[PDB]
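Remember, it's 1-based here, ligands and their atoms both numbered in the order they're listed. Because only heavy atoms are used, hydrogens play no part in the values below, and waters and symmetry mates are left out as well, while side chains stay in. Every chain is numbered from 1, with letters handed out A, B, ... down the list of sequences.
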Amino acid sequence: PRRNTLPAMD
Amino acid sequence: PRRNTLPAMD
Amino acid sequence: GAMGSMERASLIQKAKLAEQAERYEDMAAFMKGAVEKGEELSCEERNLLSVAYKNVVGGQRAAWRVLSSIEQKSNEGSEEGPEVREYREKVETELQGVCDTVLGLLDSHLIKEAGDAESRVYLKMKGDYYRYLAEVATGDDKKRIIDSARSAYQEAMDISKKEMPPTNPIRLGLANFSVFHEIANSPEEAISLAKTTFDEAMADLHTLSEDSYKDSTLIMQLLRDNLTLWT
Amino acid sequence: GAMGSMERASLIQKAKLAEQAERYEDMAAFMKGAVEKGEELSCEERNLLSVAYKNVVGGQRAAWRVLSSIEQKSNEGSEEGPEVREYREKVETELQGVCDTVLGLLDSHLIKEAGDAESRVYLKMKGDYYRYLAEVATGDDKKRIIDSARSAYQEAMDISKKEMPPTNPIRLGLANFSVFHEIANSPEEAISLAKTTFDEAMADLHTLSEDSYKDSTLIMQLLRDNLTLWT
Ligand SMILES: [Mg+2]
Ligand SMILES: [Mg+2]
Ligand SMILES: [Mg+2]
Ligand SMILES: [Mg+2]
């Protein structure tokens with residue numbers, strides 16, 4: 001699991 | 001669900 | 001022509017790296033450039049070519065079917081512009097190029113130099129990309145594109161019947177021809193070909209190693225689900 | 001320049017159709033051509049621009065990280081060619097172009113004409129695409145690309161603190177800056193910014209409608225998981 005960034009990919 | 005054809009997409 | 005100054009082995013190596021990268025346009029571009037070196041292709045190199053073009057045309061087919069539907073809803077109490085038609089056209093024009101690119105590689109000169117059953121049974125590829133052109137053809141050549149595909153499938157079917165056992169994965173994948181039968185409006189032909197192909201592979205499974213067994217049962221299961229959906 | 005003879009509204013309409021089609025290169029190409037009409041962008045048009053470039057650079061970033069790793073394994077008892085390095089380079093060169101294309105649109109002239117807080121708080125985009133360049137920079141400008149990104153994030157942070165409430169989704173998404181802090185080697189700064197941003201949004205949630213509430217809690221949850229992974 002990667003860290004979250006805004007926004008995401010489809 | 002679609003019908004199967006050879007081959008498939010990743 | 002872009003790949004003409006890169007080594008054949010280099011293009012194969014980068015086509016597999018493109019697979020791992022899921023960069024299927026690069027993968028098709030490498031395998032096209034590999035084909036255009038003029039040498040025959042190994043069974044493994046055949047699969048890299050097939051896998052790359054299948055993914056590119058596969059997303060182009062997916063996008064086309066999305067646009068076509070919004071376009072159908074656009075012409076049924078519907079508030080009216082040409083933009084849906086223009087973009088569906090461009091994407092379809094893009095899709096027709098890729099098929100025309102693959103068919104041009106089979107025709108120059110992969111089919112004429114393919115002497116062994118497994119390699120020659122390219123005619124399936126030839127049937128698949130005419131079928132993709134068929135999926136989007138609506139005019140004065142849609143009948144001729146279908147015959148182009150049918151004829152290609154039928155040549156592959158005769159060689160496969162004579163020269164390969166009934167469990168051979170290439171024969172089983174060839175027996176796509178049944179799905180053509182959604183293009184050809186012959187659903188009874190579609191179903192007969194699938195039950196016939198399934199039952200005769202089933203009777204030959206006792207001859208196979210545990211490895212071959214798993215391969216053949218995979219594609220027999222793709223026939224079982226199709227039959228399940230049509231019956 | 002390719003889109004210069006198509007109407008602004010036509011490019012917006014086709015950028016959304018490209019979204020539905022998941023053709024994100026077309027979507028970026030339409031939104032680039034829309035930007036280059038010279039008009040300011042609506043809040044909705046801002047999101048289409050951002051969504052399109054995020055997906056293209058997003059797959060380019062994914063492919064780069066796949067190639068980079070095979071390349072690291074290639075240099076550690078490893079049987080030796082330049083093909084991995086050549087393809088990782090080309091993809092990275094492609095990625096650097098897309099970032100350079102977005103940064104060129106923010107610089108000509110989206111940031112200078114952005115007067116409202118929500119529109120100007122483009123500096124986040126500016127921070128994101130320098131950060132993407134940072135992810136692949138290894139030479140004599142990697143320090144300068146990082147400062148380029150940090151400075152952009154910090155301008156957006158000051159405007160967002162002064163001009164938007166603490167639950168504002170643009171402020172919460174801006175508070176990516178914390179992940180920059182994986183580029184900047186400042187994990188304690190990373191964590192402080194996220195707990196601070198989270199706790200102050202939490203204290204403001206009672207002011208929000210059920211709709212705004214759902215939006216803000218989404219991004220606060222992206223902060224909660226990051227904190228969860230870092231602590
Ligand atoms: Mg070359
Ligand atoms: Mg009947
Ligand atoms: Mg134009
Ligand atoms: Mg500490």
Atom name of the N, O or S atom of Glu188(D) nearest to the Mg ion (ligand 4) is OE2
Check: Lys14(C) side chain, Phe30(C) main-chain N or O, donor-acceptor pair, under 3.5 Å: no
What are the protein N/O/S atoms, named by residue and atom, that sit under 2.8 Å from the Mg ion (ligand 1)? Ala2(C) O
Sub-4.5 Å side-chain heavy-atom contact between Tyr122(C) and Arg46(C): yes
For atom CD of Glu7(C), is the number of surrounding heavy atoms from other residues, nucleotides or ligands below 6.0 Å larger than 12? no
Mind checking whether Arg23(D) and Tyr87(C) have side chains closer than 4.5 Å, heavy atoms only? yes
Can you confirm whether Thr217(C) sits close enough to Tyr213(C) that some side-chain heavy atom of one is under 4.5 Å from a side-chain heavy atom of the other? yes
Under 3.5 Å, is there a donor on one side chain and an acceptor on the other for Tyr24(C) and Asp10(B)? yes
